Amino acid sequence: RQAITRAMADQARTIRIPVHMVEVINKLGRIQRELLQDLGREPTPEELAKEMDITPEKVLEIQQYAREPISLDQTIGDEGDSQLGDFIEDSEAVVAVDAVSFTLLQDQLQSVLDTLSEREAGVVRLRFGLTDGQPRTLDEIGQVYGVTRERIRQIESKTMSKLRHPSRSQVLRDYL
Amino acid sequence: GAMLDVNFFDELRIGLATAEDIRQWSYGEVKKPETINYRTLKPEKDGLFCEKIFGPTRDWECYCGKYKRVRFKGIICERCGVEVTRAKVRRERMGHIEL
Amino acid sequence: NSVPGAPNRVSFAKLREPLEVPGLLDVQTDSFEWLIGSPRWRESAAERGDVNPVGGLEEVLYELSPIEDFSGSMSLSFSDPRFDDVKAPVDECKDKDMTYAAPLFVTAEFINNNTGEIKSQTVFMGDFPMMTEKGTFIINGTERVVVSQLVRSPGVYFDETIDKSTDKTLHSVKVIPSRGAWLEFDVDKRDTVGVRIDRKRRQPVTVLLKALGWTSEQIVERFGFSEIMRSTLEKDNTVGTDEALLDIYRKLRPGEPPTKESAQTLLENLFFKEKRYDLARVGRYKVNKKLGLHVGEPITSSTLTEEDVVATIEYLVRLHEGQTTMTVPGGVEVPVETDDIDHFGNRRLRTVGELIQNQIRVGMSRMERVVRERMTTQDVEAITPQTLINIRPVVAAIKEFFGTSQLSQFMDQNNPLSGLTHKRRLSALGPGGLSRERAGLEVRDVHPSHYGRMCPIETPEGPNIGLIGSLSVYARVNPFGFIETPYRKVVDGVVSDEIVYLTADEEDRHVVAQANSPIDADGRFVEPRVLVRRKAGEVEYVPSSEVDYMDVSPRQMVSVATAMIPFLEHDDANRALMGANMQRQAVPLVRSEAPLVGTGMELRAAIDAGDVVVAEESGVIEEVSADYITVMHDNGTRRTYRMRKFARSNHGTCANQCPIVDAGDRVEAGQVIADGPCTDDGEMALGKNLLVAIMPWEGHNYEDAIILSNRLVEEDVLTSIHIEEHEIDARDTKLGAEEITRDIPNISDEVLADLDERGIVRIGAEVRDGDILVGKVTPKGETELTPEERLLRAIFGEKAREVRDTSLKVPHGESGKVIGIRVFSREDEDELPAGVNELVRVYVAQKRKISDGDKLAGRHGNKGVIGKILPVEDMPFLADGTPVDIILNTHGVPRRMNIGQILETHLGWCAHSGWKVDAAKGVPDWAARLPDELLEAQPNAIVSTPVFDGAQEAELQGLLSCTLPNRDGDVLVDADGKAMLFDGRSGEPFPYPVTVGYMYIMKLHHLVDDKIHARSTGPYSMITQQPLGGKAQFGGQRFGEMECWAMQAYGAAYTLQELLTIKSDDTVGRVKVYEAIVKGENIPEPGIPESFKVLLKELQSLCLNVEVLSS
Amino acid sequence: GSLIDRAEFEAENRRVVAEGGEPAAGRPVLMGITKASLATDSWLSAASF
Amino acid sequence: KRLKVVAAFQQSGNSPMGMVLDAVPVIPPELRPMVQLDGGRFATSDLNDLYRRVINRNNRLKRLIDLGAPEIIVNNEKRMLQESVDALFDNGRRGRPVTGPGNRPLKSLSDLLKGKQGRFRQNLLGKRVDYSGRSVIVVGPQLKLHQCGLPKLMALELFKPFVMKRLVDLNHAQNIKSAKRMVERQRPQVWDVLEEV
Amino acid sequence: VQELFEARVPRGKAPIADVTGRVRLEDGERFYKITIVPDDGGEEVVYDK
Amino acid sequence: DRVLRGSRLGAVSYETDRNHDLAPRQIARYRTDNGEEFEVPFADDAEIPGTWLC
Ligand SMILES: C/C(=C\[C@H](C)CCCCC(=O)O)[C@@H]1O[C@@H]2C=C[C@@H]1OC(=O)\C=C/C=C\C=C\[C@H]1O[C@@H]3C[C@H]1O[C@@H](/C=C/C[C@H]1O[C@H](C[C@H](O)[C@H]1C)[C@@H](O)[C@@H](O)/C=C/CC/C=C/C2)[C@@H]3C
Ligand SMILES: [Zn+2]
């Protein structure tokens, strides 16, 4: 009986649950069912938490963990010709208008950054990591520019004060 | 013949595949009847969804997060074991069972 | 007549009827009251079969008890089912989504045998759903209807076939029970009667006979005359009872070693021990009536017997002998003939009571196995019936029967006629019934035993034709499940008024006269030769001495909704079918005016559908408003009836109930007190009365198109209210808990004006497609940002706003006001499902006008969408200035054989203008058989032609000749029924007179706003990458196989490459197509489809090496 | 007993009248449309049918 | 009838040893996904149960062989593994089909191809397309023969990227994002652009 | 039409002649018999059922 | 009582797919018992484990 119960608790569910949580799930189900038979009313979560001497939020966590998944090959409609898996929207796909909007945003940002000088645009692109993935820090840009980091930081502050102008913001405001 | 499918084909040969072909297609041997960790919802190790066998779930990310961008691509994390690449190779890599 | 608040609707009916229409929900209500065991059913059964008052639960609990162990040392029994009061009333259940139910209680008794102890406990069996006042169930707040099912009854069904090689008749028999095994006694190409038992063919009859213990002497004695039986008794090649038993055991068992106690018990377990073979009381009555075994004995011992088996073999061999009648020793004689499987004496009706009893029995079996399991493993002198019984399989069986089973349907209600005909519906298919591929051509036919038991007209017209029909008007269900029909008995040519309800077999035994036969007003027939219906459905004339039964009325053979068609006897059958189907899909308008010309079946079919507030007890009105009426009874008491102002029906239509009594009137018990959705002064009203001309007008009314005036859009003649709901739920998640709030990130203050403080909208805000209803925000989690996003947030200074916005936006192409916000919560202690925190429902309501594209129809199957709404002045008017309203088409009338619309148009014009038959010198010759007070009528008067006895054509001519003028001296319509219209557009009169009149058309539920759809780029599928489907999602149309064949047959190949690569599956192709269109470049060359790649991976996973080769 | 095309079989008679001459004897047969479409040259159009 | 398959194995460069199977392959997981819904509810893909049964019985057979068991248990375990792989490849072929919850037979690998619901007759030959529409029809007797009517509320959704490019080109919007929002709000100039496109 | 394109043997299968010549008609018991005499040295073709 | 909107358990980013430079990497050659060879490209600064699951 030990081998049968342990092996059923291991290989019963499609998502594997350890045996102590399966034990408390079985205890919760038997407790709720017996209190329904002896009561005539299906009890409350606080009643079950009173009976099992645990907290009601733990009772809700257990009753959320106890739910087994559904299968994607069932008949959704009236007649059976439609699987469930044909009506699930793939949200991780490409929305295909925001991608081309991202491309146009990159080109617009290129135009706006190229309306300034060379040192400013280079420091900004190295600071925020546009030509490469990793953003260079102030010490890295001071190394690549032959200066200290304080001049780099003053250049950064002055350029960020420059870029908040409406002449450089009226085209980029609608991109957020 | 072709394997990257450049839409330049002239034949499509079917054939009865041997065990030497089966264990040549596969990337890793699945050896546990688990799918997903019940608590953190991550793919289990050596399961039917294992990220070492079938590839990573996140774009250019290993399992332990030690390599997390495109500059580490085409390498394998020496701790976790997931080859860091795009996450769309979970649609194309196969595994096998040794009976 | 005989309804206290009836409008005076004068009838053209020539002949009196004896029997009024029975209560139309009597099948549902009386079957459920049979199941419960209600005292009303108790006194009715005491009137009609008083020998055994047995309910459904009592029958199941008595076929269950007793329940013992294997040792027989302890027994558990059941007794006394008994209900309680319901836990909540109907409207509260529909509000808070609770199911309308009541608890079951059962007195259980556990008996120990050796020492002897009985233990009486009151076991709570479960929550049992209860039927409402109108025959509907309520499940989870929705409203459901259980449909009846037609199955073939148990018994013996003798039938013959030809063999088409030797061309000899090969008879057979199928002793088919309820819940048992089968057995067939065929006749082969030879004369060896094959006894294929449980579909294991061999072994002629001597095997079963000597297996029963019969010797060759007794086989010779009972079966001596039969050449077939003596040939088999010589070709038996087996002597000995045990010699037969070992053959039976080795062929039926095989895979088990035989022994002389197993074959001793196997046959006695299969067909006689009643734990495995219980043909029901229906089957016992059917077999005992078919062979004539017992006559007056009550129905008990529901298993078979060896007497019945040898009677079956004797009947079969005398049927192959070609005899006429047979008397088995021990019983009365019976005729010898083959049986049919489509006769209505063999198809019983499994109604709702038997349907719920079956699921309760299949729950009680699984409870019984658990109880008899734990009656051993539990220790003795320690058990109690509270510990024995597990009610979980019974409550799960009830729950799985009501929710998600194809005979427990979601009740449709777009009008009370469709509610009423959604009940009283017979379906031949379902669980335990044949599917549509097993449905042969023979079962869809109309057998001649359908006269008055099932309507031949009303049925669906898709692939389900003939499998679903409705009951007739006067039909009534037997106690056993057959369908009874009334008949007036005539004695010696004197038609009496006693009424005898007759099923199909007794309808075959006698001869039955016609409904509209000329009675001589004494009971005597006028002519000696009367039409009649013979046994097999033959139609003959007959001398009137032989006729012993007469129909109760015409329209007996027809359904409810088909009896509401005027002039049915002039139409065809297919267009009448389309009219009876399209009559129930009408929508409720805002005004709902009663029809001018109708039949007598509107008042009864409206007050019997339950959607009209009817005064329970008489008295006087105290107080009226738009919500509540309080009558004052004769003795002190008062009673408030609450209305339903704008409730949402089950399909998105309005459910108004306005009152129709003033504050001083006196109502009697049964008077209609408030209209319903589609009613006017009590009776049904599905549309409006519209002036119509039958000319073809400039190709706009071409090929079943209908044009209308602008007066219907202006004066709101055709206008329905539609109410939809939207539902969202704030629940917990892994990262936190979603909240309903005003602070939605990355949103302006423009869309946040209509929202109030707790996030939901106000009441009365007119919304458009894409506006915020419920402002809900989710915890987003941790994501990395693109550098452009990072420096843009640095440029504008705006923060991260780490929670993701997912509101409830009103979907595409919807608008209207916001009626009501019913918001539940967890903190206010409502019954919410596990893991949910806050549920909220918002009800949006729009007021749809009429529009071109909407589907209109008359009452004779003359459908057609609206072609063009003309303005008022370019619409052909009469010689009075009155414009016509709609213009039908001429060419659709004569080729469809439905001139009932032309007769209804003529009689409608007569009823609108009003007439006066000038009997100055005597009543004229056409109107000599008209009733009185039909010689003259006021304008806008109502009339009523019944179905098969109505206005004659000569009487229509005579009414249409004398048709008193409008306001001037002006008879606008001559004796032909036509008028001289003027062209409203050019100006000249039309050169020929044109038929006009007042028709009655209804607006169907096929509006355009539920059909028009488009898609540029929406969602996509999961496994494959195709776009999704249907208007519920965004979805795209299906470019199937035959359209690909057409595109190949054109020679157009590039469009096929387009539609099959870069619009459905080219995952890197779609975004390049979009970018190329936006930037203005050429479309790139496509690539391979992902569905083909999926095909390749599945073929590689089926151990098939598939290598794609370059060269 | 194997059904082969009239073009492929007659070309194989051309290859076999040389290099030692004997003809494979054949008589023309008439087959229905399900039987004809399944024995095509492509295993993709046949399996899709 | 025998020479057909024997010459089929003899002519090509094939071996008959591949009819038995020493290593089963696994389909990639994105063709049998475990997608979670909104609200934590999960959805398997009905091949995971067959794969899990094969994995379970294979591990148990390996443990029985390494443990050392009598012939009855090992023979029954090997026939169990054989039945599981046969049910994986074609459920309902030999004997009773393997049913899941609710007495529904599971969708095996061959059932992704067979019949009308397979890949061939459902998703390879006829697919759902984009840039599409559907509505009811009426008679238009003033049109010429090559013309057709069209509702503007439907043609505005059919021709959305064309009209987006065109009203970006005419300076009615700053970029594609405000142009798309302008189409969604249906401002009174988008019809004047819609006629041109 | 479906039995033509599928090339089944038909229901009302009427035999045809196989050679020129005169016939030997027989009206048998419940089913006839027809035999065709050839104009050459061949056996007379019999059609029984 | 909601809309069927699924999502696989994983995120999809999009960065610059450039192959002109990568991180420098070694290649370790692992060997099983049955005469098999395998190549696993680890990074340069990576403690290469003495065993490996092939
Ligand atoms: C095909 C079928 C039912 C169809 C869905 C509806 C009727 C088809 C005939 C027609 O085309 O008009 C069979 O129905 C049952 C057995 C199995 C079959 O169900 C089936 O196999 C198909 C579905 C079985 C249970 C479905 C439950 C849920 O499916 C939705 C919600 C739940 O119930 C359904 C409600 C259907 C009510 C219909 O009612 C009809 C009109 C509309 O088609 C519907 C409003 C009315 O004409 C009404 O008079 C007809 C009722 C059908 C009579 C009983 C038949 C037995 C709704 C479609
Ligand atoms: Zn790692």
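Residues numbered from 1 in each chain as written, not as in the entry; some residues may be left out. Chains lettered and ligands numbered in written order. Part of a larger assembly, values for the part shown. Heavy atoms only, no water. Residues with missing side-chain atoms left out of burial classes, pairs and counts.

In the PDB archive, cryo-EM is given as the structure determination method for this entry, at a resolution of 3.42 Å.

Enquirer: Sorry, what's going on with the overall build of chain B here?
Expert: Secondary structure assignment for chain B yields two helices and two strands. Along the chain direction, N to C, the helices and strands of chain B fall in the order β-α-α-β. Considering only contacts within chain B whose residues lie at least 6 apart along the sequence, 46% involve residues at least 24 apart. (Helix = DSSP H or I, 4+ residues; strand = E, 2+ residues; numbered from the N terminus. Contact = heavy atoms within 4.5 Å.)

Enquirer: Which parts of the structure should I look at to understand the interface of chain E and chain C?
Expert: One frequently used descriptor of interface size is the decrease in accessible area upon assembly of the parts. Of the residues lining the interface, 50 residues belong to chain E; the matching set on chain C comes to 61 residues. Looking at the side of chain E that touches chain C, the elements with two or more residues in it are α4 (119-124), β4 (127-128), β5 (132-134), α5 (152-158), α6 (160-169) and α7 (176-185) of chain E. Per element, the largest residue contribution to the side of chain E that touches chain C is six residues, and it comes from α4(E). Relative to β5(E), strand β51 (residues 1013-1015) of chain C runs antiparallel, the two being bridged by three bridges. Among the inter-strand pairings, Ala1014(C) is bridged to a residue of β5(E), identified as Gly133(E). (Pairing = 2+ DSSP bridges.)

Enquirer: I keep staring at the pattern of salt bridges and nothing clicks. Help me out?
Expert: In a structure, side chains of opposite charge can pair up when their charged atoms sit close to one another. Under the defined criterion, the tally for this structure stands at 82 salt bridges over all chains. In the salt-bridge network here, residues are joined through shared partners; they are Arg6(A), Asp10(A) and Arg16(A). (Salt bridge = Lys/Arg side-chain N within 4 Å of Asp/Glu carboxyl O.)

Enquirer: Even after reading the chapter, I still don't get unusual backbone geometry, so can you show me in this structure?
Expert: Most of the time, phi is negative for any residue but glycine, and the peptide bond is trans. Residue and element names in this part refer to chain C. Here the amide bond leading from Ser-65 into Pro-66 is cis, since omega sits at 0°, within 30 degrees of zero. Within the secondary structure, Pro-66 sits in the loop between α3 (56-64) and β2 (67-68). One non-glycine residue, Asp-80, lies in the positive phi region at around 55°. With respect to the helices, strands and loops of the structure, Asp-80 is situated in strand β3 (residues 74-83). Assessed through its relative accessible area of 35%, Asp-80 is described here as partly exposed. (Buried < 20%, exposed > 50% of the residue type's maximum accessible area, 1.4 Å probe, protein only.)

Enquirer: I keep staring at a negative patch on the surface and nothing clicks. Help me out?
Expert: On the surface, a cluster of negative charge is made up of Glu42(A), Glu46(A), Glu57(A), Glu61(A), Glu829(C) and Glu831(C). Of note, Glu829(C) is situated in the loop between β43 (817-823) and β44 (836-848). (Patch = residues over 30% accessible without salt bridge, like charges linked within 9 Å, V, L, I, M, F, W, Y side chains within 5 Å. Areas by Shrake-Rupley, 256 points an atom, 1.4 Å probe, with all protein chains shown as cover. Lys, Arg positive; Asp, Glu negative; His and termini not counted. Charge placed at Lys NZ, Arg CZ, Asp CG, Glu CD.)

Enquirer: Quick question: what am I supposed to make of the environment of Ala685(C) here?
Expert: Among the secondary structure elements, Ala685(C) is positioned in the loop between β34 (683-684) and β35 (688-693). Other than its neighbours up to four places away in sequence, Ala685(C) contacts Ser592(C), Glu593(C), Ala594(C), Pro595(C), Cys678(C), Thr679(C), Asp680(C) and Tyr1000(C).

Enquirer: What is the right way to read the side chain of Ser418(C) from this model?
Expert: Residues and elements named next belong to chain C. With respect to the element layout, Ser-418 can be found in helix α15 (residues 416-422). Here the side chain of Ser-418 touches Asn-414 through a polar contact of 3.3 Å, side chain to side chain. Contacts of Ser-418, omitting those with residues within four sequence positions, involve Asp-412 and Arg-584. (Polar contact = N/O pair within 3.5 Å; in protein donor to acceptor, adjacent residues only side chain to side chain.)

Enquirer: What is the right way to look at helix α3 (residues 71-89) of chain E in this model?
Expert: Between the first and last C-alpha of α3(E) there are 27 Å, a value that for 19 residues agrees with the 27 Å anticipated at 1.5 Å per step. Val74(E), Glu77(E), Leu81(E), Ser84(E), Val85(E), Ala87(E), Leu88(E) and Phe89(E) are the residues of α3(E) that are buried. Buried positions along α3(E) lie against α26 (1090-1101) of chain C together with β1 (23-26) and α2 (48-67) of chain E. (Expected span 1.5 Å × (residues − 1).)

Enquirer: Could you clarify how one ought to interpret the packing of helix α5 (residues 98-114) of chain A against helix α6 (residues 118-128) of chain A in this entry?
Expert: All names here are of chain A. Between α5 and α6, the least distance of the axes is 9 Å, while the angle of their chain directions is 135°. With respect to each other, α5 and α6 are oriented oblique. Each of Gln-110, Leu-113 and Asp-114 in α5 lies in contact with α6, whose residues at this interface are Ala-121, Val-124 and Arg-125. Tallied by class, residues from the contact of α5 with α6 come to three nonpolar, one polar and two charged. (Axes fitted to C-alpha atoms, helices over the stretch in contact; angles between N-to-C directions. Parallel < 35°, antiparallel > 145°, perpendicular 65-115°, else oblique. Nonpolar A, V, L, I, M, F, W, Y, C, P; charged D, E, K, R; others polar.)

Enquirer: Would you mind going over the sheet that holds strand β37 (residues 720-731) of chain C with me for this structure?
Expert: Picture the strands of a sheet paired through backbone hydrogen bonds; they go either parallel or antiparallel. Residues and elements named next belong to chain C. Within the open sheet, the three strands sit side by side as β37-β44-β43. Their pairing is antiparallel. Every other strand in the sheet has two partners, leaving β37 and β43 as the edge strands with one partner each. Strand-to-strand twist across the sheet, computed as the mean angle between neighbouring axes with direction ignored, equals 20°. Two strands pair when backbone bridges link them, and β37 and β44 are joined in this way by 12 bridges, in the antiparallel orientation. From the neighbouring strand, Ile-721 faces β44, where its bridge partner is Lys-847.

Enquirer: Would you mind going over the nonpolar core with me for this structure?
Expert: Across soluble globular proteins, nonpolar side chains show a tendency to be buried alongside one another. By size, the foremost hydrophobic cluster in this structure holds 53 residues, and its most contacted members are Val26(E), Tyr51(E) and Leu109(E). Once residues within four sequence positions are removed from consideration, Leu109(E) is found in contact with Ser1101(C), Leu1102(C), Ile27(E), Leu47(E), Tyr51(E), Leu88(E) and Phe89(E). (Core = buried A, V, L, I, M, F, W, Y, C linked by side-chain atoms within 4.5 Å.)

Enquirer: Which parts of the structure should I look at to understand a nonpolar patch on the surface?
Expert: All names here are of chain B. A cluster of nonpolar side chains, contributed by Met-3, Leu-4, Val-6 and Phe-8, occupies part of the molecular surface with about 540 Å² of accessible area. Within the secondary structure layout, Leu-4 lies in the segment before β1 (11-16). The class for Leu-4 is exposed, based on a relative accessible area of 74%.

Enquirer: Which parts of the structure should I look at to understand the side chain of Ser172(C)?
Expert: All names here are of chain C. Along the polypeptide, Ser-172 turns up in strand β11 (residues 169-172). Since its relative accessible area comes to 15%, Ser-172 is described here as buried. A polar contact is formed between the side chain of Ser-172 and the side chain of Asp-186, at a distance of 3.3 Å. With residues near it in sequence (within four places) discarded, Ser-172 still touches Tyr-157, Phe-158, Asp-159, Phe-185, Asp-186 and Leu-316.

Enquirer: What should I look at first to understand the pairing of β1(E) in this one?
Expert: Regular strands show a simple pattern: their side chains alternate between the two faces of the sheet. Burial along β1(E) is two-sided: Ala23(E) and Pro25(E) facing one way and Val24(E) and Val26(E) facing the other are all buried. Sheet topology note: the strand β2 (residues 95-98) of chain B/β1(E) ladder contains four bridges and is antiparallel. Paired with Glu98(B) across the two strands is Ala23(E), which belongs to β1(E).

Enquirer: Would you explain the state of the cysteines in this entry?
Expert: Between two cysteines, a covalent bond joining their sulfur atoms is known as a disulfide. Summed over all chains, the structure comprises zero disulfides over all chains. Distance from the sulfur of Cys678(C), which forms no disulfide, to the nearest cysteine sulfur (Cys654(C)) is 9.9 Å. With no disulfide partner, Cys54(G) has as its closest neighbouring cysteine sulfur the one in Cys50(B), 15 Å distant. (Disulfide = S-S within 2.5 Å.)

Enquirer: Looking at this structure, I do not really get the coordination of the zinc ion (ligand 2). What am I missing?
Expert: Ideal geometry at a metal centre: 109.5 degrees between donors when four sit tetrahedrally, and 90 or 180 degrees when six sit octahedrally. Residue and element names in this part refer to chain B. Distances from the zinc ion (ligand 2) to its protein donors, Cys-62 (SG), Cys-64 (SG), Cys-77 (SG) and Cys-80 (SG), fall at 2.5 to 2.6 Å. Given four donor atoms and angles of 92 to 156° at the metal, the environment of the zinc ion (ligand 2) is assigned as irregular. Site description for the zinc ion (ligand 2): donor spacing in sequence, C-x1-C-x12-C-x2-C. Highlighted residues: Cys-64 in the loop between α2 (51-54) and β2 and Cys-80 in the loop between α2 and β2, separated in sequence by 16 residues. (Donors = N, O, S within 2.8 Å, 3.2 Å for Na, K, Ca; no water. Tetrahedral: all angles 85-135°; square planar, octahedral: opposite > 155°, others 65-115°.)

Enquirer: Is there a simple way to explain the site of ligand 1 in this structure?
Expert: Near ligand 1, the surroundings consist of 16 residues, among which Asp78(A), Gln406(C), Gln409(C), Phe410(C) and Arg425(C) are the closest. Near ligand 1, the surrounding residues belong to chains A and C. Between ligand 1 and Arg425(C) there is a distance of 2.7 Å, counted from an oxygen atom to a side-chain nitrogen or oxygen. Contact with the protein chains covers 70% of the free accessible surface of ligand 1, which is 960 Å². Contributions of two or more residues to the shell around ligand 1 are made by β16 (408-410), α15 and β17 (425-427) of chain C. (Near = heavy atom within 4 Å.)

Enquirer: Looking at this structure, how should I read α7(E)?
Expert: The α-helix advances 3.6 residues per turn, and as a result positions three or four apart in sequence lie on the same side. Among all positions in α7(E), only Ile176(E), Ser178(E), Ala179(E), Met182(E) and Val183(E) are buried. Mapping the buried residues of α7(E) onto a view down its axis gives an arc of 165°, with all of them on the same face. Contacts from the buried residues of α7(E) go to α5 of chain A, α25 (1070-1079) of chain C together with α5, α6 and α8 (190-196) of chain E. (Arc of directions from axis to C-beta.)

Enquirer: Quick question: what am I supposed to make of the interface of chain G and chain A here?
Expert: Contacts between the two partners involve seven residues from chain G and, on the opposite side, eight residues from chain A. Taken together, the residues of the side of chain G that touches chain A sort by class into three nonpolar, two polar and two charged. In this sheet, strand β1 (residues 5-6) of chain G lies alongside strand β2 (residues 89-90) of chain A in parallel orientation, the contact comprising two bridges. Bridging from a neighbouring strand, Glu89(A) pairs with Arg5(G) of β1(G).

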